[PDB]
Amino acid sequence: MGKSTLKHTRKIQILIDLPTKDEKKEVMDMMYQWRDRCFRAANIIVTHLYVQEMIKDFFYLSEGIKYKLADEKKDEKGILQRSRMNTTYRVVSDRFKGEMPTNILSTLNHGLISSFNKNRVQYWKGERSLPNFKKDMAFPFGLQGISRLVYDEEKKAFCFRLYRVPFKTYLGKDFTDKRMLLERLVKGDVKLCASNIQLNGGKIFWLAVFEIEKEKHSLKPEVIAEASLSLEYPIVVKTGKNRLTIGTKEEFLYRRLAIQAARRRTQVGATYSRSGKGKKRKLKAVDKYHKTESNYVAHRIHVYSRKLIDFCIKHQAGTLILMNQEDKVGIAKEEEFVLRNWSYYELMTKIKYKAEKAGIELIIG
Amino acid sequence: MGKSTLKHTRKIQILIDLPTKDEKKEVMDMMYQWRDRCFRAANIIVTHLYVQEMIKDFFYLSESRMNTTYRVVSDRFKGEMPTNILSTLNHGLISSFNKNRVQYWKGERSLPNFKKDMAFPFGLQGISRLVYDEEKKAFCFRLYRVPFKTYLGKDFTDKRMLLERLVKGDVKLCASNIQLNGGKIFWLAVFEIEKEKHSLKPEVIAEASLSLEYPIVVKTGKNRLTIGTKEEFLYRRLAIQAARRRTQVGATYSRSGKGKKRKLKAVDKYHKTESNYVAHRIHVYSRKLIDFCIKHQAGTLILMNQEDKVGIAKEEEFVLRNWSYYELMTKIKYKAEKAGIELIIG
Amino acid sequence: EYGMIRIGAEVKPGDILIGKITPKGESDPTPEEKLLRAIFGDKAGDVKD
Amino acid sequence: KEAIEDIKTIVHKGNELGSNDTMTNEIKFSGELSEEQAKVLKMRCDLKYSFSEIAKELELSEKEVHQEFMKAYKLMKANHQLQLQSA
RNA sequence: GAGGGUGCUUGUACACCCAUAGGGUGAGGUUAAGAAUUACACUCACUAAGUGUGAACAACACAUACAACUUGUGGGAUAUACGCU
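Set out below in C-alpha cells:
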C-alpha cells in the first residue's frame with residue numbers, strides 16, 4: 001500500500017509542572033545543557049563521518065585500494081569494526097553520556113547519517129562545506145521517549161514526561177485545533193514521528209511531527225485551474241468563468257520592504273547609540289528584527305496558498321497548473337529584486353504540499 | 001600593545017605573460033590542475049591530522084607530525100605541483116588547527132573543510148623579480164618559472180599605490196593566495212605594513228559644514244566623513260518628547276493631593292534629560308570630528324558659516340541649527356587643542 | 831506612413847482619414863512632472879489627436 | 175539618479191513579472207496533436223488516471239509527462255479558441 | 001509615539017500596562033592622560049510590563065476578534081549597516 005499520509009508538524013507550548021521556582025530552574029538548566037550537548041554532538045558526528053571517507057581516498061591514492069565502509073567481520077575490504085551509525089553514536093556517547101539522554105543522540109545520528117550518504121556525490125567532487133551546527137538548535141527526541149501522556153482535568157492540561165520530568169501542556173485558548181490531536185494519541189489513533197524541541201528564552205516548544213492523512217473531496221480531474229504567480233498579483237487563478245486574485249502588491253512586497261527599510265534604519269541608528277558596553281548592546285535594536293519579515297512572508301504565503309487551495313477545491317479543480325512558471329524562474333534567477341523580494345520556492349512548496357494533501361495534482365510549466 | 005604592523009588583503013587580476021593564446025591556455029590548465037591537486041592535498045592533510053590528534057576516539061576502525088603527511092602528499096603530487104606551495108599549505112593548516120584545537124576537542128566547532136574554489140596559498144619564494152614595468156604598464160613578476168603580468172584594468176583605487184610600495188620593498192608581503200574565480204585569475208595578496216607614526220602636519224585644510232539631513236560633513240582632500248544622520252539624531256528626541264506628552268497626560272489624570280513635586284518630578288525630568296541627550300550628542304559629534312582630524316594628519320580645520328540667504332535655506336532649520344547650538348562651537352574649540360589640531364574660524 | 835488613408839478603403843463612420851498629431855501644451859516643467867516622467871516614462875508624450 | 179532608479183525598480187520590477195505574461199508570444203499551436211500528448215490528455219481527462227499512473231503506463235518520467243500534458247492543453251486551448259472564432 | 005510584556009504559535013487589530021528600552025546600568029581586558037577621568041562596532045551579563053486571591057519579586061484562578069498553522073537541519077548565494085585602504 002502507498003503512503004496514505006503526509007508528514008506534518010505542530011508547535012505545542014509546554015510549561016514545567018513543578019510547584020517551586022528552583023526545581024523548574026534546575027530542569028530548565030538541565031535542558032539548556034541538553035541543547036549544548038546536542039549541538040556539540042552534531043559537530044562530533046559530522047566530523048567523524050567526514051574523516052573516514054578521506055582515509056578511503058588516501059588508501060585509494062596509495063594503491064588503488066577498494067576500502068569501503070563496512071564491518072571487517074563481514075567484509076574483507078571493510079575497515080569499520082561495527083556499523084557506521086554505531087561508530088558515530090559510540091564516539092559521541094562515550095563523551096556525553098550521563099548528562100543528556102541517548103535517544104537524542106540516536107535521533108541526531110540517524111538524521112545526519114541519512115543525509116550524508118546522499119551528499120556523498122557533492123562531497124567527492126566538492127561543492128559543499130561540512131555543516132557547522134548552531135547553538136540554538138532545536139534538539140531532537142524520538143517517539144521512544146514520550147511517556148505518561150494523560151489529560152489531567154484538575155489542571156486542565158495534558159501531562160506527560162520528556163525523560164523523567166513532568167510537563168503541563170499549554171494549549172491556552174486552543175480547545176479545538178490541536179486539542180483533539182493529543183487526545184488522538186492518548187487513545188492510540190494518530191501516529192507520531194521523531195519530534196524536536198525548541199526553547200526561546202523562558203518558553204518551551206515541542207515540534208511534534210504528527211503523521212496526518214489526506215482529505216478526499218469531490219474533485220474532477222478534467223476541470224483545470226490556471227494559476228499564475230507574479231510580484232504584482234501573488235496569485236491569479238482561472239477556473240472556467242471564475243476568477244480569483246489573491247494577494248496585493250502592497251500587502252506582500254511593500255510591507256516586506258518596509259520591514260527591510262526599518263531594519264536598515266535601526267542598523268544606521270545603532271552606530272552612534274550607547275557605546276563602550278560592547279557590540280551586543282549596540283546591535284540590541286537590530287536583534288529585534290530577527291525573523292520579523294520572514295514570519296510576515298510565511299504568514300502571507302500560508303494565507304495565499306490556503307485561498308488558492310480553497311478556490312480550487314470549491315470549484316472541484318482536480319488539476320492545478322502553474323502557467324509559465326519555468327520562464328519566470330529563469331528571469332528571476334538573472335535578476336536581484338525578483339529573487340530577494342518574491343518568494344516563489346516557498347509558495348511553490350506550500351502549494352505542492354497543500355495540494356498533494358487534498359488530491360489536486362500540481363503541474364509546472 | 002597590539003602589533004605595530006597591520007595586515008591588509010587586496011584582490012588583483014593576474015594574466016599569464018605568454019604572447020600567444022595557446023601558451024596562456026596550457027598555463028591556465030596547469031593552474032587549474034594545481035588547484036585541484038591543492039584541494040586534494042588539503043583535504044587529506046586535514047583529515048589525517050585530525051585522525052592522529054584524535055587517536056583515542058578513533059577506536060572504531062580495524063587497525083614531526085608535519086613530515087609524514089607532507090612526505091606522502093609530496094610523493095603523491097611531485098613534479099605536477101611544485102612542493103613549495105604544498106609545504107606552505109601544510110604549515111598553514113597545522114598552525115590553524117593549533118589555533119582552534121581547544122574548540123575542536125570540545126566540539127564547539129566542526130572540522131572546516133575545503134571546496135573546489137578555495138584560493139590555493141603560496142609564499143614569497145614563489146614570486147621572483149617583483150618590480151614595476153612602465154612600457155606595458157603592468158607590475159610584472161615570475162611565479163613558479165612562469166612570468167606574470169597583471170591586468171589591473173581601470174584600477175583607480177589604492178591597489179596601484181600598494182603595488183608600487185610592494186615592488187620597491189617599502190611594504191612586506193605575507194603568504195598570499197591565488198584564486199581562479201570565473202577564468203580571470205585573481206591574486207589575494209596579504210601585506211604586512213608598518214604603522215607609520217601619524218603626527219600633526221599643519222599644511223592640510225579640513226572643511227567642516229553643517230547640513231540638512233547629513234549633520235556635520237567633513238571634507239579633506241579625497242576623503243569625506245559624516246558625523247551621524249538626521250533621523251538618527253531625531254529618534255531619541257521624538258521618543259523623549261512623545262513620552263513626555265503621555266507622562267504629562269497621565270499625571271494630570273493621576274491621583275492628586277500627594278504633592279505637586281510627586282506629581283511633576285518625572286514631568287520636569289523628562290524635559291531635563293533632553294538637554295543631557297543633546298549635550299552628549301554634541302560631545303560625540305565633536306569627538307568624531309577630532310578623530311578624523313587626527314586620523315588623516317590634518318593640521319588645520321575650518322568650519323564654514325555656510326549660511327546664504329533665501330535660495331534653498333531660510334525654510335529648513337538645519338540639523339544642529341547654527342554653529343552655536345548648545346555651545347557646539349565651544350565644544351569643538353576646547354576639544355581642538357585637547358588633541359592639537361588647529362580649528363580657527365570660518 | 832504619412833497618416834493618410836489608403837486608396838480602396840471603406841470609410842465607415844468614425845474612421846480616421848488623415849491622422850494628425852499636434853504638439854500639446856507643455857507648461858513650465860514643474861519638478862513633480864519631471865520626476866513622474868523620469869520614473870514612469872514619457873507615456874504622455876506631448877502630442878494631441 | 176540612484177534614488178530615481180530605486181523608485182523605478184520598486185514600481186516597475188513588480189510589474190515586470192506580469193509584463194512578460196501580458197507580452198506572451200502568440201505561438202501558433204495549430205499543428206496536429208502528437209500521439210503521446212493525446213494519449214496523456216485522454217488518460218487524464220477521460221480515463222481519470224493520475225499522472226503517476228500515466229507515467230507508469232507510458233514508461234515516461236513525471237516531469238516529461240507533465241510537460242507533454244501542458245503542451246497538449248495549450249494546443250487544445252488554441253484549437254478551441256480558433257473554433258470559437260470561426261463559429 | 002514607535003517597539004514591546006501577559007491574552008497557545010504566526011499576521012492584523014484589540015482591550016490592561018511597560019516603554020527617554022535606539023536606555024538604566026555591573027564586571028573583565030585593553031588604551032590615553034601628571035591626575036580627576038575618558039574611551040572601545042572589545043567580551044560577558046543584569047534590569048520594565050494584565051486583574052484578583054495571596055504578608056509577599058511564591059503559587060494559583062481569570063483575561064479580545066478574524067485568518068492561518070509542515071516545520072526543523074544544513075549547504076550554496078546575495079545584499080544591508082559598520083570598520084580599514
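Chains as they are written, first to last, in the authors' numbering: chain A, 1 to 365; chain B, 1 to 63, 83 to 365; chain F, 831 to 879; chain C, 175 to 261.
Where a beta carbon is used, it is the ideal one built from N, C-alpha and C, also for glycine.
The beta strand (DSSP E) that contains residue i, what's its start and end?
i	result
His8 of chain B	5–13
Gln198 of chain A	195–199
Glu222 of chain B	220–228
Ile146 of chain A	146–152
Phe167 of chain A	166–169
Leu207 of chain C	Careful: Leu207 of chain C lies outside any beta strand (DSSP E) and carries neither H nor E.
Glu211 of chain A	210–213
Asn253 of chain C	From DSSP, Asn253 of chain C is part of no beta strand (DSSP E) but of the alpha helix (DSSP H) over 236–259.
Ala157 of chain A	157–162
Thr239 of chain B	235–239
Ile228 of chain C	Element bounds for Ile228 of chain C: not the beta strand (DSSP E) but the alpha helix (DSSP H), 225–232.
Between the Cα of residue i and the Cα atoms of the options, which residue gives the shortest distance?
i	options	result
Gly111 of chain B	B:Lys238, B:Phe141, B:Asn324	B:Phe141
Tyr170 of chain B	B:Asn324, B:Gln13, B:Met30	B:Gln13
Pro131 of chain A	A:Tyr151, A:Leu49, A:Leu192, A:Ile104	A:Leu49
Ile204 of chain A	A:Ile246, A:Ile104, A:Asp136	A:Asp136
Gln122 of chain B	A:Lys241, A:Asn43, A:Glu53	A:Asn43
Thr5 of chain B	B:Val186, B:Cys193, B:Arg340, B:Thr176	B:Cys193
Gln325 of chain B	B:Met54, B:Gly365, B:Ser115	B:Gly365
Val186 of chain A	A:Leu149, A:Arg179, A:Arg161	A:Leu149
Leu322 of chain B	B:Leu229, B:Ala208, B:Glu99, B:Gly98	B:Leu229
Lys3 of chain A	A:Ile235, A:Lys277, A:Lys214	A:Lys214
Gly318 of chain A	A:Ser305, A:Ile235, A:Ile360	A:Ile360
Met348 of chain B	B:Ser305, B:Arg281, B:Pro19	B:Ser305
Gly269 of chain A	B:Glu127, B:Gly278, B:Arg256, B:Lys7	B:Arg256
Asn200 of chain B	B:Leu162, B:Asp22, B:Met28	B:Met28
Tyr60 of chain B	A:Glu72, A:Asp152, A:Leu320	A:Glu72
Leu18 of chain A	A:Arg161, A:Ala262, A:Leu231	A:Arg161
When the distance is taken between beta carbons, is residue j closer than 8 Å to residue i?
i	j	result
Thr266 of chain A	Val297 of chain A	no
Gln211 of chain C	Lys237 of chain C	no
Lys173 of chain B	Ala157 of chain B	no
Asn109 of chain B	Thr88 of chain B	yes
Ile212 of chain B	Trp206 of chain B	no
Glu226 of chain B	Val209 of chain B	no
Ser195 of chain B	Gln81 of chain A	no
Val165 of chain A	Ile301 of chain A	no
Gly188 of chain C	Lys333 of chain A	no
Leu234 of chain C	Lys213 of chain C	no
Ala70 of chain A	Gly78 of chain A	yes
Mind checking which residues open and close the alpha helix (DSSP H) that includes residue i?
i	result
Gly192 of chain C	176–196
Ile113 of chain A	102–125
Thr271 of chain B	249–271
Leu181 of chain B	178–187
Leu221 of chain C	Element bounds for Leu221 of chain C: n/a, residue is neither H nor E.
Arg281 of chain A	279–282
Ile869 of chain F	861–870
Note to self: Just to confirm the assignment: which complete beta strand (DSSP E) runs, minimum length 3, are found wholly within the segment 55–92 of chain A?
What the structure shows: With a minimum length of 3 residues, the continuous beta strand (DSSP E) runs that stay inside the segment 55–92 of chain A are 68–71, 78–80.
Check: What residues in the segment 175–187 of chain C have a beta carbon less than 8 Å from any beta carbon of chain F?
Finding: Listed by position, the residues of the segment 175–187 of chain C near chain F (Cβ gap below 8 Å) are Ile178, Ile181, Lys182, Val185.
Note to self: Could you tell me which whole beta strand (DSSP E) segments of length 3 or greater appear in the segment 288–361 of chain A?
What the structure shows: Within the segment 288–361 of chain A, the runs of beta strand (DSSP E) that reach at least 3 residues and sit entirely inside it are, in chain order, 317–322.
Margin query: Give me the subset of the segment 125–152 of chain A whose CB atoms are less than 9 Å from a CB atom of chain C, sorted by chain position.
Written below: For the segment 125–152 of chain A, which is checked against every Cβ of chain C, not one residue is closer than 9 Å.
Next item on the list: With 9 Å as the C-beta to C-beta threshold (strictly closer), list the residues of the segment 46–58 of chain B near chain A in chain order.
Entry: Listed in sequence order: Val46, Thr47, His48, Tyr50, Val51, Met54, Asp57, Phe58.
Next item on the list: Please go through the segment 15–55 of chain B and give each complete alpha helix (DSSP H) segment of 4 or more residues, from N-terminal end onward.
Entry: You should have 21–53.
Next item on the list: Select from the segment 269–282 of chain A all residues with a C-beta closer than 7 Å to any C-beta belonging to chain B, and list them in chain order.
Entry: Flagged, chain order: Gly269, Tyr272.
Check: Between the segment 68–80 of chain A and chain B, which residues of the former have CB atoms less than 8 Å from a CB of the latter, in chain order?
Finding: So the list reads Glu72, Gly78, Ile79, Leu80, given in the order they occur along the chain.
Next item on the list: Note down, in chain order, all residues in the segment 80–97 of chain A with a beta-carbon under 7 Å from any beta-carbon belonging to chain B.
Entry: Result list: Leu80, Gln81, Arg82, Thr87, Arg90, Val91.
Notebook entry, point to check: What are the residues of the segment 30–42 of chain B that lie near chain A, defined by any Cβ-Cβ distance shorter than 7 Å?
Noted result: Flagged, chain order: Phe39.
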